[PDB]
Amino acid sequence: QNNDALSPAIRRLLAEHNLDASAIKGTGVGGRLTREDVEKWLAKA
């Protein structure tokens, strides 16, 4: 219910790139996916 793993904006980004959240790992402030993470993944895909 109350999860802060992924952000609302990012969900749009990941949805745009056509990627999968489960196929990525967030390194935010305590395990929170960030745009930087998506970038590193996009480049390694």
# chains A, B, ... in the order shown; residues from 1 in each chain; ligands from 1
$ residues_around --residues "residue 37 of chain A" --least-positions-apart "4" --cutoff "7 Å" --atoms "only C-alpha atoms" --output "number ranges by chain"
A: 26, 33, 41
$ write_last_selection --atoms "N, CA and C atoms" --output "PDB file, in the first residue's frame"
ATOM      1  N   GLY A  26      16.459   0.165  -7.797  1.00  0.00           N
ATOM      2  CA  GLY A  26      16.577   1.548  -7.374  1.00  0.00           C
ATOM      3  C   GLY A  26      17.615   1.731  -6.284  1.00  0.00           C
ATOM      4  N   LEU A  33      14.178   3.910  -6.705  1.00  0.00           N
ATOM      5  CA  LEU A  33      14.587   4.070  -8.096  1.00  0.00           C
ATOM      6  C   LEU A  33      14.607   5.543  -8.489  1.00  0.00           C
ATOM      7  N   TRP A  41      20.454   2.023 -16.781  1.00  0.00           N
ATOM      8  CA  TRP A  41      19.838   0.812 -17.305  1.00  0.00           C
ATOM      9  C   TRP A  41      19.591   0.934 -18.806  1.00  0.00           C
TER      10      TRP A  41
END
$ residues_around --residues "residue 11 of chain A" --least-positions-apart "3" --cutoff "10 Å" --atoms "only C-alpha atoms" --output "PDB file with N, CA, C and O atoms, in the first residue's frame"
ATOM      1  N   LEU A   6       9.202   3.421  -6.339  1.00  0.00           N
ATOM      2  CA  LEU A   6       9.186   4.134  -7.609  1.00  0.00           C
ATOM      3  C   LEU A   6       8.387   5.428  -7.495  1.00  0.00           C
ATOM      4  O   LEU A   6       7.411   5.503  -6.749  1.00  0.00           O
ATOM      5  N   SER A   7       8.808   6.447  -8.239  1.00  0.00           N
ATOM      6  CA  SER A   7       8.131   7.739  -8.220  1.00  0.00           C
ATOM      7  C   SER A   7       7.085   7.820  -9.331  1.00  0.00           C
ATOM      8  O   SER A   7       7.141   7.068 -10.303  1.00  0.00           O
ATOM      9  N   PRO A   8       6.114   8.740  -9.201  1.00  0.00           N
ATOM     10  CA  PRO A   8       5.055   8.917 -10.199  1.00  0.00           C
ATOM     11  C   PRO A   8       5.608   9.340 -11.556  1.00  0.00           C
ATOM     12  O   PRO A   8       5.232   8.788 -12.590  1.00  0.00           O
ATOM     13  N   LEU A  14       9.592   5.235 -17.345  1.00  0.00           N
ATOM     14  CA  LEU A  14       9.761   3.813 -17.613  1.00  0.00           C
ATOM     15  C   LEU A  14       8.713   3.349 -18.610  1.00  0.00           C
ATOM     16  O   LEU A  14       8.994   2.554 -19.507  1.00  0.00           O
ATOM     17  N   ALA A  15       7.504   3.870 -18.449  1.00  0.00           N
ATOM     18  CA  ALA A  15       6.407   3.531 -19.344  1.00  0.00           C
ATOM     19  C   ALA A  15       6.715   4.006 -20.760  1.00  0.00           C
ATOM     20  O   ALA A  15       6.295   3.388 -21.739  1.00  0.00           O
ATOM     21  N   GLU A  16       7.457   5.106 -20.856  1.00  0.00           N
ATOM     22  CA  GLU A  16       7.834   5.669 -22.144  1.00  0.00           C
ATOM     23  C   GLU A  16       8.902   4.817 -22.819  1.00  0.00           C
ATOM     24  O   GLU A  16       8.784   4.466 -23.993  1.00  0.00           O
ATOM     25  N   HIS A  17       9.942   4.491 -22.063  1.00  0.00           N
ATOM     26  CA  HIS A  17      11.040   3.678 -22.576  1.00  0.00           C
ATOM     27  C   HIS A  17      10.591   2.240 -22.831  1.00  0.00           C
ATOM     28  O   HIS A  17      11.298   1.469 -23.481  1.00  0.00           O
ATOM     29  N   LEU A  19      10.169  -0.076 -20.531  1.00  0.00           N
ATOM     30  CA  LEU A  19      10.968  -0.950 -19.683  1.00  0.00           C
ATOM     31  C   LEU A  19      10.119  -1.556 -18.571  1.00  0.00           C
ATOM     32  O   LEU A  19       8.925  -1.277 -18.462  1.00  0.00           O
ATOM     33  N   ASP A  20      10.748  -2.387 -17.748  1.00  0.00           N
ATOM     34  CA  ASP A  20      10.057  -3.037 -16.641  1.00  0.00           C
ATOM     35  C   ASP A  20      10.711  -2.683 -15.309  1.00  0.00           C
ATOM     36  O   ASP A  20      11.923  -2.825 -15.145  1.00  0.00           O
ATOM     37  N   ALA A  21       9.900  -2.224 -14.362  1.00  0.00           N
ATOM     38  CA  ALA A  21      10.399  -1.850 -13.044  1.00  0.00           C
ATOM     39  C   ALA A  21      11.086  -3.029 -12.363  1.00  0.00           C
ATOM     40  O   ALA A  21      12.161  -2.883 -11.782  1.00  0.00           O
ATOM     41  N   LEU A  33      14.178   3.910  -6.705  1.00  0.00           N
ATOM     42  CA  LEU A  33      14.587   4.070  -8.096  1.00  0.00           C
ATOM     43  C   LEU A  33      14.607   5.543  -8.489  1.00  0.00           C
ATOM     44  O   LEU A  33      13.745   6.317  -8.070  1.00  0.00           O
ATOM     45  N   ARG A  35      15.763   8.609 -11.765  1.00  0.00           N
ATOM     46  CA  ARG A  35      15.968   8.840 -13.190  1.00  0.00           C
ATOM     47  C   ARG A  35      17.386   8.449 -13.586  1.00  0.00           C
ATOM     48  O   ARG A  35      17.625   7.974 -14.696  1.00  0.00           O
TER      49      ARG A  35
END
$ atom_distance --atom1 "atom CA of residue 34 of chain A" --atom2 "atom CA of residue 10 of chain A"
7.2 Å
$ closest_residue --among "A:23, A:44, A:36, A:30" --to "residue 4 of chain A" --atoms "only C-alpha atoms"
A:30
$ select_by_dssp --residues "chain A" --states "helix (DSSP H, G or I)" --output "ChimeraX atom specification"
/A:8-17,21-23,35-43
$ write_last_selection --atoms "C-alpha atoms" --output "short mmCIF file (atom, residue, chain, number, x, y, z; two decimals), in the first residue's frame"
data_model
loop_
_atom_site.label_atom_id
_atom_site.label_comp_id
_atom_site.auth_asym_id
_atom_site.auth_seq_id
_atom_site.Cartn_x
_atom_site.Cartn_y
_atom_site.Cartn_z
CA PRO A 8 5.05 8.92 -10.20
CA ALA A 9 7.11 10.81 -12.77
CA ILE A 10 9.51 7.92 -13.29
CA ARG A 11 6.63 5.50 -13.83
CA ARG A 12 5.83 7.69 -16.81
CA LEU A 13 9.46 7.60 -17.92
CA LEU A 14 9.76 3.81 -17.61
CA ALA A 15 6.41 3.53 -19.34
CA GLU A 16 7.83 5.67 -22.14
CA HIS A 17 11.04 3.68 -22.58
CA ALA A 21 10.40 -1.85 -13.04
CA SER A 22 11.00 -5.40 -11.83
CA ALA A 23 13.86 -5.54 -14.35
CA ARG A 35 15.97 8.84 -13.19
CA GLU A 36 19.71 8.28 -12.90
CA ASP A 37 19.05 4.57 -12.40
CA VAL A 38 16.84 4.43 -15.48
CA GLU A 39 19.60 6.14 -17.47
CA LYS A 40 22.24 3.62 -16.41
CA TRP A 41 19.84 0.81 -17.31
CA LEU A 42 18.80 2.33 -20.63
CA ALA A 43 22.46 2.57 -21.61
#
